[PDB]
Amino acid sequence: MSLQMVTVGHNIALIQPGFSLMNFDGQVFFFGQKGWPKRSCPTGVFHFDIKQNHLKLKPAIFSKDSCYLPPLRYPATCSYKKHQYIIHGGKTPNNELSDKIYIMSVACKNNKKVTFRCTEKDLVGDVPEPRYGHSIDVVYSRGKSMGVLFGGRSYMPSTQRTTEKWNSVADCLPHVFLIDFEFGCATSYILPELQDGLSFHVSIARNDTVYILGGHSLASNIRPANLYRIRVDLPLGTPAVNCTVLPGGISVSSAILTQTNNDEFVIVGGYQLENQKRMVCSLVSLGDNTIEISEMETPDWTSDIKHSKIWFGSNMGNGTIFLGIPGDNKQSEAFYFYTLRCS
Amino acid sequence: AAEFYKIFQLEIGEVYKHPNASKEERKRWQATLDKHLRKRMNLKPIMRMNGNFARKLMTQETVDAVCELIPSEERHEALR
Amino acid sequence: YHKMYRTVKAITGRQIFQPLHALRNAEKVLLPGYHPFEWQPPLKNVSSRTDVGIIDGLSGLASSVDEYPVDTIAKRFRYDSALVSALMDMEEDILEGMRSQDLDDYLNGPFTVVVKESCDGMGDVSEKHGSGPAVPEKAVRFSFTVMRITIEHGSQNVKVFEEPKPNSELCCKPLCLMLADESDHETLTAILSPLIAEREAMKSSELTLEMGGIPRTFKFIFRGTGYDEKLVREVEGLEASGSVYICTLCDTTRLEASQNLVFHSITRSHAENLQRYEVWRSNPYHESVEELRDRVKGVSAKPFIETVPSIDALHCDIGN
Ligand SMILES: [Ca+2]
Ligand SMILES: [Zn+2]
């Protein structure tokens with residue numbers, strides 16, 4: 001529950017709400033900047049390093065064969081098992097959506113420098129539509145690892161779009177998609193147990209299930225206190241997907257996930273209502289087939305957090321969460337960044 | 001009105017219990033006071049203060065909005 | 001005006017000036033969204049209503065707490081409605097121009113209209129107090145001007161109306177006013193993309209309008225010349241500030257620009273910029289950062305406005 005203020009270098013005008021933080025072998029990096037890539041960092045990734053509560057952003061060069069990807073403003077985070085990192089879709093800085101897939105990897109690493117390898121893949125079959133705010137995660141069933149996708153928010157189809165409502169968004173179809181990374185395949189699956197959409201939710205991994213809890217549905221302008229547990233197996237034939245509604249779910253959207261200990265994750269932040277903020281923390285203790293959400297003591301927030309309207313952040317991976325508060329008007333430096341420690 | 005604005009800045013941090021403060025803490029106090037003033041009474045932060053700012057800041061809603069950021073109640077009643 | 005009207009009426013006894021509500025009623029004839037117009041073929045993704053007026057420039061952008069925060073105020077007209085009103089404001093002018101060239105009056109040939117697109121941001125605009133988001137103290141304006149109107153007569157093309165003073169304040173008709181910052185790219189694209197969509201739809205269609213008792217059809221060609229160098233670079237590609245690549249019309253680097261500077265050719269366009277951005281994003285030849293930049297010739301972003309490769313004389317004089 002440690003709350004430490006962090007200072008930032010000469011790149012504070014380069015972090016925007018909706019970023020993503022990736023942890024590679026104990027090193028935390030950055031993605032999803034504000035504005036198009038400059039001449040200082042043509043790639044777009046950064047060396048997210050905090051020492052003595054001071055933040056410095058050094059550029060990180062890609063490999064020779066990597067693809068220079070645009071800054072996704074709201075991607076989907078995945079951590080495949082060789083240790084790679086997968087992002088799907090999101091908003092480009094020009095505010096168009098993408099239906100493309102990228103996989104992060106380290107091509108080569110030397111003294112105090114790192115080179116990435118981002119690959120390009122095309123999905124065939126039931127290709128999901130471009131969207132943002134969704135959640136992706138992978139499961140390990142019967143010795144086979146295969147990722148699952150859930151709906152989010154997307155623009156109106158290319159048939160009902162008008163310029164006067166060009167930027168109006170509608171929640172994606174309740175369909176649940178299965179992603180096979182090693183082959184680039186996807187077969188759609190419609191499940192009657194999921195009737196409404198769900199956006200800005202958190203995804204928790206396990207051996208053969210994903211626990212989606214909380215989230216915002218735009219159609220009814222409500223945040224359900226629901227909790228779905230999706231169990232997927234990998235037989236010889238077509239995969240079988242089962243969704244079961246569980247009791248005890250919480251009603252939070254755009255929360256932050258962290259992995260503090262094995263079989264122990266903590267939820268902090270988010271919004272309960274449009275004008276309300278998540279002031280409490282939920283400790284989710286996983287098990288073989290059991291989930292028990294309990295309320296742990298509220299960390300000591302500051303006045304700036306308790307009185308602000310917005311916060312945003314991503315996952316450090318090492319039991320740390322990096323959340324920021326809008327500093328002030330542009331006219332300190334337009335953003336106040338904090339760090340949070342969970343045991 | 002400028003003097004009352006400075007009083008509010010030093011009161012939203014309880015300097016009567018912290019006689020020593022750094023520049024960064026006072027800048028944070030400035031930022032949070034400006035943010036809450038905008039949120040509640042719809043006043044923008046300005047570098048040279050006008051008379052309209054004085055007339056609007058000299059209201060009871062001003063001390064209400066400033067005081068709900070002050071953890072103590074003695075400061076609340078004193079400012080009121 | 002009300003004070004003037006009241007005092008003139010009180011002194012003279014008669015009603016020389018008209019009342020404010022009469023002026024407001026007479027106002028609607030000129031504002032967009034009063035005349036009936038039909039598109040053939042119908043515009044893609046553009047509604048066919050003929051009663052659209054001052055619509056929000058945010059284009060129905062999300063403003064909830066769970067998504068990207070928006071802190072801008074924008075009001076804009078539909079491009080087609082604005083051009084309909086602009087054409088009807090010069091109805092008698094077009095008739096006079098057609099008469100003066102010894103053509104007919106009820107001729108309904110397809111008019112080839114060229115419209116210059118101008119957009120420039122501003123600074124030092126004070127923010128008001130009052131309800132609204134934390135809107136920054138900068139403004140960006142989008143406006144269009146009507147240079148020339150030509151009708152097809154015989155085998156050649158004849159001219160009708162030419163703007164006598166193109167650089168005047170009496171012909172820069174506003175189209176979209178947003179009080180945001182041109183340095184920001186996300187908000188600029190979010191507010192300005194629908195107008196580009198309408199422009200692209202209008203680029204491949206024809207408009208029918210009851211022009212002075214006889215229906216006549218219009219075709220439109222657009223030129224985005226009214227941009228300064230910084231906005232051109234920030235919109236259609238190349239990096240800001242001063243790079244190794246300089247010109248917006250050719251692939252000349254700074255060193256050979258200093259060397260030769262007499263022999264060149266215009267090469268850049270918008271389709272070429274899009275193709276080069278695709279090359280940059282995909283890297284088909286598996287090249288490192290420096291050689292990939294040399295291959296892509298400086299573009300490292302997705303362009304979204306077709307800007308004509310021209311030069312701005314005012315800023316040219318200022319810089320020179
Ligand atoms: Ca200017
Ligand atoms: Zn040139």
# chains A, B, ... in the order shown; residues from 1 in each chain; ligands from 1
call {"tool": "closest_atom_pairs", "arguments": {"of": "chain C", "to": "ligand 2", "cutoff": "12 Å", "atoms": "only C-alpha atoms and all ligand atoms", "output": "CSV"}}
result
residue,atom,partner,partner_atom_place_in_ligand_line,distance
C:245,CA,ligand 2,1 (Zn),9.2
C:246,CA,ligand 2,1 (Zn),7.2
C:247,CA,ligand 2,1 (Zn),4.2
C:248,CA,ligand 2,1 (Zn),6.3
C:249,CA,ligand 2,1 (Zn),5.0
C:250,CA,ligand 2,1 (Zn),4.4
C:251,CA,ligand 2,1 (Zn),6.9
C:252,CA,ligand 2,1 (Zn),5.9
C:253,CA,ligand 2,1 (Zn),8.6
C:254,CA,ligand 2,1 (Zn),9.7
C:256,CA,ligand 2,1 (Zn),10.6
C:257,CA,ligand 2,1 (Zn),7.9
C:258,CA,ligand 2,1 (Zn),11.2
C:260,CA,ligand 2,1 (Zn),11.3
C:261,CA,ligand 2,1 (Zn),8.5
C:262,CA,ligand 2,1 (Zn),10.1
C:263,CA,ligand 2,1 (Zn),9.7
C:264,CA,ligand 2,1 (Zn),6.9
C:265,CA,ligand 2,1 (Zn),7.3
C:266,CA,ligand 2,1 (Zn),6.9
C:267,CA,ligand 2,1 (Zn),8.7
C:268,CA,ligand 2,1 (Zn),9.3
C:309,CA,ligand 2,1 (Zn),10.1
C:310,CA,ligand 2,1 (Zn),10.5
C:311,CA,ligand 2,1 (Zn),10.4
call {"tool": "residues_near_ligand", "arguments": {"ligand": "ligand 1", "cutoff": "7 Å", "atoms": "only C-alpha atoms and all ligand atoms", "output": "VMD selection string"}}
result
chain C and resid 120 to 122
call {"tool": "write_last_selection", "arguments": {"atoms": "N, CA, C and O atoms", "output": "PDB file, in the first residue's frame"}}
result
ATOM      1  N   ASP C 120      -5.562  27.568 -40.582  1.00  0.00           N
ATOM      2  CA  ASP C 120      -4.436  28.076 -39.815  1.00  0.00           C
ATOM      3  C   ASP C 120      -4.856  28.209 -38.363  1.00  0.00           C
ATOM      4  O   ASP C 120      -5.956  28.689 -38.076  1.00  0.00           O
ATOM      5  N   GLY C 121      -3.983  27.783 -37.458  1.00  0.00           N
ATOM      6  CA  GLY C 121      -4.229  27.933 -36.044  1.00  0.00           C
ATOM      7  C   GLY C 121      -3.868  29.317 -35.558  1.00  0.00           C
ATOM      8  O   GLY C 121      -3.323  30.150 -36.283  1.00  0.00           O
ATOM      9  N   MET C 122      -4.183  29.567 -34.290  1.00  0.00           N
ATOM     10  CA  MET C 122      -3.902  30.849 -33.669  1.00  0.00           C
ATOM     11  C   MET C 122      -3.331  30.611 -32.280  1.00  0.00           C
ATOM     12  O   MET C 122      -3.247  29.477 -31.801  1.00  0.00           O
TER      13      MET C 122
END
call {"tool": "residues_around", "arguments": {"residues": "segment 176-185 of chain C", "least_positions_apart": "6", "cutoff": "8 Å", "atoms": "only C-alpha atoms", "output": "list in words"}}
result
residues 35, 93 and 94 of chain A; 57, 72, 73, 74, 75, 76, 77, 121, 135, 136, 137, 138, 139, 140, 141, 142, 143, 191 and 231 of chain C
call {"tool": "closest_atom_pairs", "arguments": {"of": "chain C", "to": "chain B", "cutoff": "10 Å", "atoms": "only C-alpha atoms", "output": "JSON lines"}}
result
{"residue": "C:127", "atom": "CA", "partner": "B:44", "partner_atom": "CA", "distance": 8.0}
{"residue": "C:128", "atom": "CA", "partner": "B:44", "partner_atom": "CA", "distance": 7.7}
{"residue": "C:129", "atom": "CA", "partner": "B:43", "partner_atom": "CA", "distance": 5.7}
{"residue": "C:130", "atom": "CA", "partner": "B:42", "partner_atom": "CA", "distance": 5.7}
{"residue": "C:131", "atom": "CA", "partner": "B:42", "partner_atom": "CA", "distance": 6.8}
{"residue": "C:132", "atom": "CA", "partner": "B:42", "partner_atom": "CA", "distance": 9.0}
{"residue": "C:133", "atom": "CA", "partner": "B:39", "partner_atom": "CA", "distance": 9.6}
{"residue": "C:134", "atom": "CA", "partner": "B:38", "partner_atom": "CA", "distance": 8.8}
call {"tool": "atom_distance", "arguments": {"atom1": "atom CA of residue 172 of chain C", "atom2": "atom CA of residue 158 of chain C"}}
result
24.5 Å
call {"tool": "closest_atom_pairs", "arguments": {"of": "chain A", "to": "chain C", "cutoff": "8 Å", "atoms": "only C-alpha atoms", "output": "tab-separated table"}}
result
residue	atom	partner	partner_atom	distance
A:17	CA	C:68	CA	6.7
A:18	CA	C:68	CA	7.4
A:35	CA	C:185	CA	6.0
A:36	CA	C:301	CA	6.1
A:37	CA	C:300	CA	6.9
A:38	CA	C:239	CA	6.5
A:39	CA	C:239	CA	7.2
A:42	CA	C:289	CA	7.5
A:61	CA	C:289	CA	8.0
A:62	CA	C:289	CA	7.9
A:63	CA	C:288	CA	6.9
A:64	CA	C:288	CA	4.5
A:65	CA	C:286	CA	4.3
A:66	CA	C:286	CA	7.2
A:67	CA	C:282	CA	5.2
A:68	CA	C:281	CA	4.9
A:69	CA	C:281	CA	5.7
A:70	CA	C:281	CA	7.4
A:93	CA	C:186	CA	5.4
A:94	CA	C:189	CA	5.5
A:95	CA	C:190	CA	6.2
A:159	CA	C:45	CA	7.7
A:160	CA	C:45	CA	7.6
A:161	CA	C:45	CA	5.8
A:162	CA	C:45	CA	4.7
A:163	CA	C:194	CA	5.3
A:164	CA	C:59	CA	5.2
A:165	CA	C:60	CA	4.9
A:166	CA	C:59	CA	5.6
A:167	CA	C:61	CA	4.7
A:168	CA	C:60	CA	5.3
A:169	CA	C:62	CA	7.2
A:200	CA	C:66	CA	7.5
A:253	CA	C:66	CA	7.4
A:254	CA	C:66	CA	6.3
A:271	CA	C:66	CA	7.5
A:274	CA	C:65	CA	5.8
A:275	CA	C:65	CA	7.5
A:310	CA	C:65	CA	7.1
A:329	CA	C:134	CA	6.6
A:330	CA	C:136	CA	6.7
A:331	CA	C:137	CA	7.3
